[PDB]
Structures are given as C-alpha cells and as structure tokens.
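> I have a structure I would like to understand better, so I am pasting it below and will then ask my questions one at a time.
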Amino acid sequence: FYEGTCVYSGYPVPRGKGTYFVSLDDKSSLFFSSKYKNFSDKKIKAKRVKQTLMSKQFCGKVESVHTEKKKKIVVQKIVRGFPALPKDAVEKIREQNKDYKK
Amino acid sequence: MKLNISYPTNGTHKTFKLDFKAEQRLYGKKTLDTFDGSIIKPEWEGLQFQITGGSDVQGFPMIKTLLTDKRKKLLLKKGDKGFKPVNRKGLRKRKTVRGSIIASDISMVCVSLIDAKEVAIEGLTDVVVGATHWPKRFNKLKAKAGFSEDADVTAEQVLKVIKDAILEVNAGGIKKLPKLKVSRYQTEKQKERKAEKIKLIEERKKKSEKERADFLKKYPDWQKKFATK
RNA sequence: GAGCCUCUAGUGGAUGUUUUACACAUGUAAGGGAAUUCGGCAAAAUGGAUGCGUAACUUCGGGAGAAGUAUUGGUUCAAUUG
RNA sequence: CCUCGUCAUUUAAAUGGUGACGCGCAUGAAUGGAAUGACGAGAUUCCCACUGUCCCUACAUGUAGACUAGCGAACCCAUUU
RNA sequence: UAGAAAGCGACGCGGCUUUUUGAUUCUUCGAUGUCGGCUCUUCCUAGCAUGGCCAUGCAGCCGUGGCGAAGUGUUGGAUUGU
RNA sequence: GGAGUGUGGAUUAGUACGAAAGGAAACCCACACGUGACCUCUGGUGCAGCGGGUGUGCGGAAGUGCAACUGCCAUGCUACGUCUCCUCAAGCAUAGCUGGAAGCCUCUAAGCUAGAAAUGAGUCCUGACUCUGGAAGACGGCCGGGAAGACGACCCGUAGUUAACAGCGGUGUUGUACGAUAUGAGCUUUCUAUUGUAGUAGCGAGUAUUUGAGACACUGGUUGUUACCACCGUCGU
RNA sequence: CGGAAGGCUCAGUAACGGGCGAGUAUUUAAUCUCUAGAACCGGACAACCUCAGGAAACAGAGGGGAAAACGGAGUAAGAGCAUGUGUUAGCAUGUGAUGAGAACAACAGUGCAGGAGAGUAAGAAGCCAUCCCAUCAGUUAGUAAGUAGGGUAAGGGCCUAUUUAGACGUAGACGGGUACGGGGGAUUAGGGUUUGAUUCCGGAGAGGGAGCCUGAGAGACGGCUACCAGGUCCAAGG
C-alpha cells in the first residue's frame, strides 16, 4: 500500500507518512518530507538535486517513459483476403495469374 | 465493470462482467498494455490480450496519450478523439477527459484478443464475417480479383467477380450482385474527351503563332512607333 | 592608528571525574502575534554604498538620510571615469 | 473640590488620549500671558513593521554547582527544641 | 383576580456573626519589613451550577419558595496602582 | 493516601400536554477540562555525521586553524502528537408498608421496603509485625557495562553467541570524492628545426563523464587475528 | 457556397471623429475582356456494420469505403539576388528557394487550373474647419531628428541599437470638464440666436476587460478561451 507519489522528488510515499499541501489556486499536492517542500518554496529546480528520481530520469541514469520510442508491431502480407473469395482459392488464382502474366 | 472483447481475425464481439478479483488485477495498467488471459479467468492460458481504451463512470473517455489517473480539461481541435465539430470550420473547444491509467473510476475497458490459439471462446471463435463495402478503385479491385501485375479491361474482372458470386455464393441467383463499379480506369467517353483537349491546344498554338507574323508584315517599326508616349 | 586575521618582540596553572536539580552567560522554535505587564521592560526587526522619488509647517536657514522603492558575488570583455 | 463633569471622536468594551464647552473650590499678563519652527538618554496616547512578553513550554552549548586530591574561614550562640 | 399566611408582611419585639467601620490602650519603640498584583496549597457554608426530593397562583416549556448535602466546578478581556 | 467531572448531538417526537401558540422524559455516539503513561506517525531541537560560502594564515592544489555564518540530518528527549478513566454494601432528606397508644385513625412508639455527584469497601499507589524454602560455605570489594543514577543504591557480565579490530552480508544519514579527461562567453598568437617549409601554442569562471560516488555510524548474522583462568577482606561450619 | 451584409443603440471618443481634393508605399473570393491546361500513386475522416458508456449534455472500441476532399511523385511554372540593355514594362545571361492542376451532362449546357488589364471593397496618407475653465503657465524624453536593421499586404519611432538635442506654447501649449460628426431642424424683414438619439453618409459597441482559430475579408460575440460581476439545471460527479 502507498499514499501516492511525491510531486517534487518523484519518490513513492509509504502509507501513513508524508503530507498534502493545498494552495489557494485550488490544487492539492503530495510531498515526501519537509525537505522537499522547502526546496519548492525556495525555487530550487528538482533536476539539479541529483539524488531525486526526477533528476536521475532527466539525466538518463534511469530508464523512463521518454527513452522508449515505442512503435506498432509490423505484420506481413497475407494470401489476398477479400470478401467471398475463399482464402485457398486466391492462393490458387494468384499463382495462375502470375503464370499468365509471364 | 464491463469488459468488451474484439477478435479481429473473425470480426466478432463479446461483452462480459468482471468480478472484484479480476478487476483488481487490471488496476495500474494502461492502453497498449498486454496481459495473459489467465489473469482474468482460470484457464485461458497463453491467450494474449491488448488494452484498447474505455470510459470513466461519469462518461468521459480514456485518452491514449494522457498518462495519469486523473481528469483534465483540454482544448481540442477537429481530428482529436473525444470531440466532433460540425457547423463551423476552425472551431476548437474545451472538454473534460480522463488519463490512460486504470483504476476504480472505470466502467468499461475495451480489449483485443491477438490469437485464440487452441482455446474455444464462445461467440468469438464460432463465427467468421467479412467486410461491409467493396473496393471501387481499380487496383484495389484487381488484387481482390486475384490477379497481379498483368493488364486487363475492367469488363474481364467485373465478369470474373460476378460469375464467381453467382457460382460460389448462390449456385445461381439474382441475390447478391452488389452494384460493382470502377474508378481510376479510362472508359471510352474519357478516351474521346481526352483526345479533344489535344485538338484545342494544337489549333490555339497555330492561331496565336500566325497573327505574330501577320502583324510583322505590316509593322516593321512596331517598337519605335509604339514606345514614344 | 574601527572590528576580524598574520610578521617582529613577548607570554600562562587548586587534580581528577561526562558531570542530577536550581542558577548565570548565550543559541533555536509549529500555529497565533502584545492576548503579557503599571508600562513593549527585555529581545527581535532596520542597517554600508549607488540611483530614482520625497509632505505639513517654518524665524526661509531648515524639516531631510523625511517617508516610499530598486540594485550589489564570481568570470571574460569593451570604454576610460561616466 | 464636587468629579470617573457633559457632548463628539478613537475600541467589541475607554477611571485613558485628542477635539469642543465654561460663574474658573482656588486661570491670567516681565510674581510675565498667548500661538509656532529647529533641538531633547525629559513626561504622555495611537498606528505600521517585528518578535518566547504571553498562550505553553520544549531541546541544546559554555561556566559554576554534586562526587574526589591539596589548602582552609566567618556571622551567630541561656539552650534541653 | 377569591382569600391573613402560593408568594408577600407595615407598626413593633428577640437573637447570632466578626467578613465593614468605630470604641478602648492589655502585649511589642537595644525594630515582629507597611497597599495591590503574580505563584501555590488547604479550610468554612449562610448552596451560584451539577445529583436526590417537598410545596406552588405546578397544563407543557421557563420559573419561584423550602430540605439532606461542601465530592467536582466557578473563565478570557477594555479604562484604572488599586 | 486516593479520581474522574461536565457539556452537546441523535432517538423517543413535532409525541404526551394544550383553544391555539408552543412543547418535555433512559440506553448509544462526539467533544472539552482534569489524571497516568508512551514515541509507531507528525511538529520542534541539532550534541555524533555529511555538505556550502565570506575575510585572513600554513609557496600552489589537496588536507586544514581562527572569526564566526549557513543547508540537511541518525539515536535520544519532548507536545503542537498517540493511548487512558467502574462496581458493590450500608443508608440522608423524603415518599411508603404493617401497627398500638386512643375499639376509629395514623410512615413510629417496636419492626420492615425503596432511596443522593454524599459515606465505607474492592479494582489503583505505599508496605509494620510476620510466614514458607535451600545449603559448609556464603557474601562484599576490585575489573568491565547500562535499560539505572547527584553520591550511595538498582539491573547485569568476567574464558564466553565475551570484548576489540578487520573482511563479507544487512540497515541508515549526506548528495555524487581525489585525480585524470573532455568541453567552455570570450581574449590571444608563442615556440623548435632552419631561408623556405614543417613543427607550433597560451589564459579562463563554470559544466559533463569515470561515480546513487566517496565519507561516516550501528548490526543480538557469519569468517579470521589478538587479549582475559587472578587477588584482598568479613561472617559461619 | 453563404453565415464579416442587413437590423439595434449612442457608452466610449476633442480624434483620420468631420468637409474638399488626389490615386499609392498596398492587399482583394465572386464578375468582365483577352488569353488559356497531354500528370501518376497512396492512406484516412464522417456515414454504414457489430458490440457498448453517461442523470443529462455529450462520447468510446473494432472493421470496410468514396470524391472536384487530402497528402506524396514527376513536370510545367517560379520569388528574390547580380550584370547588360531598355525611365519601366519587357528581353538576354548567370544562380535558385519553392512547386501544382475539375470535370461532368447532353435538352443540349454547366463548371474548374494559370497570367495581364479592368471592376468592387478595405489599409495607410494631403489640405482645411472644429466646445467650455487661466481660481489650469509651462509641457514632453520614443519625446524631436539622423544612420542601420527587424516587422508588416504596405510608408512610418511602428519597434530596437549607437550618435544629435531637439519639438510645442499668452495668436492659450499641457491638464481638467463636456461631447457620436455632418447632410439637415426650429425661430426669423435684415444682421442673428438656438438645436441635431432620430428615413441618407461615415464611425464605434454587443454585461466589463483581455487574447484568438478559420477564411478573399472578423481582433466576429444568434464563433471559441480565461478572469471579474451576476444567473440557470442536476442523479452533486458535472
């Protein structure tokens, strides 16, 4: 069980620890500890705090969503699958056509 | 929670309710994740499924590229999923949507079965269906007409495909016979009209080109007469 | 010839023990901000230089650093006191 | 004196402060009377900033203090308490 | 509102208390530190709240007069040395 | 010696009661003040530990003194945090039962019943005089520690999962060591051979790699090495 | 292909708001005259079909399929720059970013690509006229100018860098108050005094401010987006 993920550090927070801070902008935000809340107030950019999970991902020390470059799995050609024409007959027609074309 | 399953080899669909334990084993996943059927049901071993999309219980869609467990409002144009503009071009509007990460919010998950393997899923495996329309374009039609890389009059292929329909479907009948038609191939009416444009350009040339010489016969001093304004 | 740090020249003893409470010299503090007390007593806050901008009243000299605001380290250049 | 005088303003609330009023127990003109500026470690009231003064106390440092070696007094005392 | 006495009780009469101020000068003038506040403990009852009851001009709600009872409570501020 | 006290909400109920307007009565749940403890969480504190900068010292860098400033933070301590708090017996005032005096009546003259946040016990803290047991040795000092502490006293250990140093596992705190190498807003044009070619550089804040590095602690896990078997007194048989 | 016109009002504005001339330093779908077009390939989107969400408003998966819709290929064409020659078109030469295109029906026609000139509409400009208070006398520092560049459909402090100190005032600058401006209306012997929201022309706005996509053309509100002031429906989530 987890309480959530810390906004600044990127660290996952155990059940029964940490605190929420609610701003007048109406947003609610979760912090791991007083340490990282204070760094937010003082406008220290998280990417510069080298032990944070955020910083490590940004540097590419840790594999993260940005590294993935995912793409759809490519398939091959099929024996012309077309309405009515049974798959097996096209396997035969295509051959017969190739013969006549020569 | 509902689960909606598609089987794209067969063209078939089935919806089921999940139980709590099945549901709780899906939490944390996202669209374009995969899993093994064994995590949803006993048996179903080795059946591989892929997650497609779904809906919040409030009715908002899950979006494929918003990686969070929360609702947002986005400004959406034409061609974005979740918005359907109609009566003004260039319209853009702000609508509530949900991120891709699965949790207790979700009312329905859509899923595709990649391959049924040796298993016999009811309704998905018991039926095979085709398409809805027919390839109007010539080269798309030709491939379906079984031919490749040879030259025919369209009439040949229309004959082949019609005869095969009469034979293979009906064994003789006036049923079927959908109104097959062909694009992107020149009919005789087009041969004539395409010849006529050649006639136009050939005369317009000679007529234009004649008058130039006809003018110069009369006016050797064209430039010196004209230019003195 | 301020405070802080160094060169020349000069300098030191009632013994051991980690040592409660109450003291005397000092530090820091969530949320609130004089509710404390005869009384803001004590403490905190402000602080140098450069620029912008400065009221009532006045014996016309002053008030005046009024008030109120902004800037300031290291490096590598231009330009010569801006 | 009566007296914490009456009316207005400052506060949630004013035996306080400032502004008015005046038969003033017992104001008043070099026994000097009245209105201001600049300057007071002078007396008094309010506002902003600021804070362990307070709600309500907690933790930590140095030096004494406790225990130990060497050295070594005084105030006071009818005393049986 | 009838009616002495639910509640009151004129004109008169008998007591108790030492928490007010007098009255007196017994003890202390070879010295018993004098007002108020702060802090902290214990006691008294002539009972304000909280518990049990009786009367009523007690319908109910809110009260008023009395009885046994001293276990637990009785605050934060403004002006002023009070 | 002594300890729990009070307030509110919901339900009874828009009910009884009243012409109407209005308008009551257990059990359960939330809280405040008081009492006794506790650090798992959250605040606070910074002695041990890791980092940063200013002025000036040790020829430079590295390691660092003094004046002092500053970011984080183990163990511990603490409240602004968390847990805590009822049951018998005899009976007051009163209201009653039976019942004479006094053939009737009557709570009272004998006798009996219900009865208060009050009283006396138990659960809670202190612990007088006692009681039951083992054995010819017992106990104290000296040596080393703490969960205990002003000093005594208390809880413990002394040839062993004993202590201390190292590996190798484990659990934390700080934030990425020294040195190399590459880059860097810009600024610059030096040298050797030798006539003309070739060789051919300097100065610079910072940033990135090697490197969740390096430093520091604790381990009731496991291996190696090293140290320790005494002595003095009192009472008894 | 149209929804940028017409309709409503006079809040703001002392000004390109108003009258008279001129046609550029500019862009313009439709329409006219002259001229004027040999091109191949590929996917999707909407509707359709099968599931199926949400209180509603509004949306999902999966699979076919068109265009004169859309993206690519070749190819005509082709911006700018430089030098000759004709102000200035045009032509020559070198160099080249970019880079397309509609047919269909016969009731006998209707469309669509390119150019050059017109035609309509804007943007920016020239001259002249414009209300009250001196108990408002000095105002301005992109302000006045120059050189160079960015920006725009286009000239220009329109914006920015370095140089020069200008510009405007008792013939009323600057500040404040007030005002939609004309063609016109009422009174009138003549000279005057008063008014103009209101059939025509031009300007501005759509509760108050600000940003914007699409298009030939809007800083549009019977289009979109956010704040401020107000509202409406809910199953409380919108």
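Please treat every number below as a calculation from the coordinates, not as lab data. Note: ideal-geometry Cβ built from the backbone for every residue, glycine included; neighbour counts use all protein chains shown.
> Is it true that some residue in segment B:95-104 is of a type in the set (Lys, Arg), surrounded by fewer than 18 Cβ atoms within 10 Å (Cβ to Cβ) and either within 14 Å of another protein chain (Cβ to nearest Cβ) or under 30 Å from B:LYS73 (Cα atoms) (or both)? It would help to see each step written out before you state the result.
Here is the first cut: in segment B:95-104, the residues of a type in the set (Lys, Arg) are B:95, B:98.
Next, only the ones that are surrounded by fewer than 18 Cβ atoms within 10 Å (Cβ to Cβ) stay: B:95.
Keeping just the survivors that are either within 14 Å of another protein chain (Cβ to nearest Cβ) or under 30 Å from B:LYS73 (Cα atoms) (or both) gives B:95.
Yes, some residue in segment B:95-104 is of a type in the set (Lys, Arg), surrounded by fewer than 18 Cβ atoms within 10 Å (Cβ to Cβ) and either within 14 Å of another protein chain (Cβ to nearest Cβ) or under 30 Å from B:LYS73 (Cα atoms) (or both).
> A:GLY4 passes all but one of (1) closer than 18 Å to B:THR68 by Cα; (2) not in a strand (DSSP E or B); which number fails?
(2)
> Being small (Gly, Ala, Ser) and over 30 Å from A:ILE93 (Cβ atoms) is true for just one of B:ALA155, B:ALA171, B:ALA151, B:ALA227. Which residue is that?
B:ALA227
> Then there is this: Tell me which residues, restricted to segment B:111-124, are assigned to a loop (DSSP other than H, G, I, E, B) and touching a residue at least 12 places away in the same chain (Cβ under 8 Å). Reasoning before the result, please.
In the first step, residues of segment B:111-124 are kept if they are assigned to a loop (DSSP other than H, G, I, E, B); the result is B:114-124.
Those that are assigned to a loop (DSSP other than H, G, I, E, B) and touching a residue at least 12 places away in the same chain (Cβ under 8 Å): B:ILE114, B:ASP115, B:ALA116, B:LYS117, B:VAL119, B:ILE121, B:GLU122, B:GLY123, B:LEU124.
> Here is a further query. Output the number of the condition that B:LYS142 fails; it satisfies all remaining conditions of (1) exposed (fewer than 14 other Cβ atoms within 10 Å of the Cβ); (2) within 30 Å of B:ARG184 (Cβ to Cβ); (3) of a type in the set (D, E, K, R).
Every listed condition holds for B:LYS142 apart from (1).
> Something else now. Quick check: is even one residue across segment A:25-39 assigned to a loop (DSSP other than H, G, I, E, B), within 9 Å of RNA strand F (Cβ to nearest atom) and under 27 Å from the mean Cα position of the chain (by Cα)?
Looking for residues that are assigned to a loop (DSSP other than H, G, I, E, B), within 9 Å of RNA strand F (Cβ to nearest atom) and under 27 Å from the mean Cα position of the chain (by Cα), one finds at least one in segment A:25-39, hence yes.
> Oh, and also: Please enumerate the residues belonging to segment A:39-85 that are more than 16 Å from RNA strand G (Cβ to nearest atom) and polar (S, T, N, Q).
A:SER40, A:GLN51, A:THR52, A:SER55, A:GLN57, A:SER64, A:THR67
> Can you confirm whether B:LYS84 is assigned to a loop (DSSP other than H, G, I, E, B), over 30 Å from A:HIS66 (Cβ atoms), more than 16 Å from RNA strand F (Cβ to nearest atom) and touching a helix residue (DSSP H, G or I) at 6+ places or on another chain (Cβ under 9 Å)?
no
> Restricting to segment A:59-91, and then to whatever is more than 8 Å from chain B (Cβ to nearest Cβ) and surrounded by 12 or more Cβ atoms within 10 Å (Cβ to Cβ), can you tell me which residue is farthest from the chain's Cα centre (by Cα)?
It comes out as A:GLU91.
> Could you list all residues from segment B:125-139 that are in a loop (DSSP other than H, G, I, E, B), of a type in the set (A, V, I, L, M, F, W, C) and surrounded by 14 or more Cβ atoms within 10 Å (Cβ to Cβ)?
Answer for segment B:125-139, where residues must be in a loop (DSSP other than H, G, I, E, B), of a type in the set (A, V, I, L, M, F, W, C) and surrounded by 14 or more Cβ atoms within 10 Å (Cβ to Cβ): just B:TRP134.
> Can you give me the number of residues within segment B:161-193 that are more than 14 Å from chain A (Cβ to nearest Cβ) and under 32 Å from the mean Cα position of the chain (by Cα)?
13
> For a quick check of your reading of the model, give me the residue pairs whose first member lies in segment B:10-22 and is away from chain A (no Cβ under 14 Å) and within 11 Å of B:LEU124 (Cα to Cα), whose second is among the basic types (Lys, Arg) and within 16 Å of RNA strand G (Cβ to nearest atom), with beta-carbon atoms closer than 6 Å and at least 6 apart or on different chains.
Pairs found: B:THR15/B:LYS2.
> Condition first: more than 9 Å from RNA strand G (Cβ to nearest atom), of a type outside the set (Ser, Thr, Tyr) and under 30 Å from A:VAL75 (Cα atoms). Now tell me which residues in segment B:92-108 satisfy that.
Within segment B:92-108, B:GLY99, B:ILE101, B:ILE102 qualify.
For every residue, the table says whether it meets (1) buried (at least 18 other Cβ atoms within 10 Å of the Cβ); (2) near RNA strand G (Cβ under 9 Å from one of its atoms); (3) on the phi > 0 side of the Ramachandran plot.
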position	(1), (2), (3)
B:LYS17	no, no, no
B:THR34	no, no, no
B:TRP44	no, no, yes
B:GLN50	no, yes, no
B:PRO61	no, yes, no
B:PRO85	no, yes, no
B:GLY90	no, yes, yes
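> Just give me the residues in segment B:174-190 being surrounded by 10 or more Cβ atoms within 10 Å (Cβ to Cβ) and assigned to a helix (DSSP H, G or I), in sequence order.
B:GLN190
> A further question on this structure: Please state which one of A:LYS42, A:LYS56 is within 12 Å of RNA strand F (Cβ to nearest atom), over 25 Å from A:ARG15 (Cα atoms) and either surrounded by 13 or more Cβ atoms within 10 Å (Cβ to Cβ) or not polar (S, T, N, Q) (or both).
Values: A:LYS56 fails: over 25 Å from A:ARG15 (Cα atoms).
Selected residue: A:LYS42, the only one of A:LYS42, A:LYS56 that is within 12 Å of RNA strand F (Cβ to nearest atom), over 25 Å from A:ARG15 (Cα atoms) and either surrounded by 13 or more Cβ atoms within 10 Å (Cβ to Cβ) or not polar (S, T, N, Q) (or both).
> Turning to a different aspect of this structure: Confirm whether B:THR68 is among the hydroxyl-bearing types (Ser, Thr, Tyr), within 14 Å of chain A (Cβ to nearest Cβ), more than 16 Å from RNA strand F (Cβ to nearest atom) and under 23 Å from B:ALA22 (Cα atoms). Spell out how you get there, then give the answer.
Values: among the hydroxyl-bearing types (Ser, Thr, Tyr): yes; within 14 Å of chain A (Cβ to nearest Cβ): yes; more than 16 Å from RNA strand F (Cβ to nearest atom): yes; under 23 Å from B:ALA22 (Cα atoms): yes.
Answer is yes for this residue.
> Turning to a different aspect of this structure: Residue check, A:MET54 against (1) touching a residue at least 12 places away in the same chain (Cβ under 8 Å); (2) within 26 Å of the chain's Cα centre (by Cα); (3) part of a loop (DSSP other than H, G, I, E, B); (4) more than 14 Å from every other protein chain (Cβ to nearest Cβ), all met but one. Which one?
Tallying (1) touching a residue at least 12 places away in the same chain (Cβ under 8 Å); (2) within 26 Å of the chain's Cα centre (by Cα); (3) part of a loop (DSSP other than H, G, I, E, B); (4) more than 14 Å from every other protein chain (Cβ to nearest Cβ), A:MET54 fails exactly one: (3).
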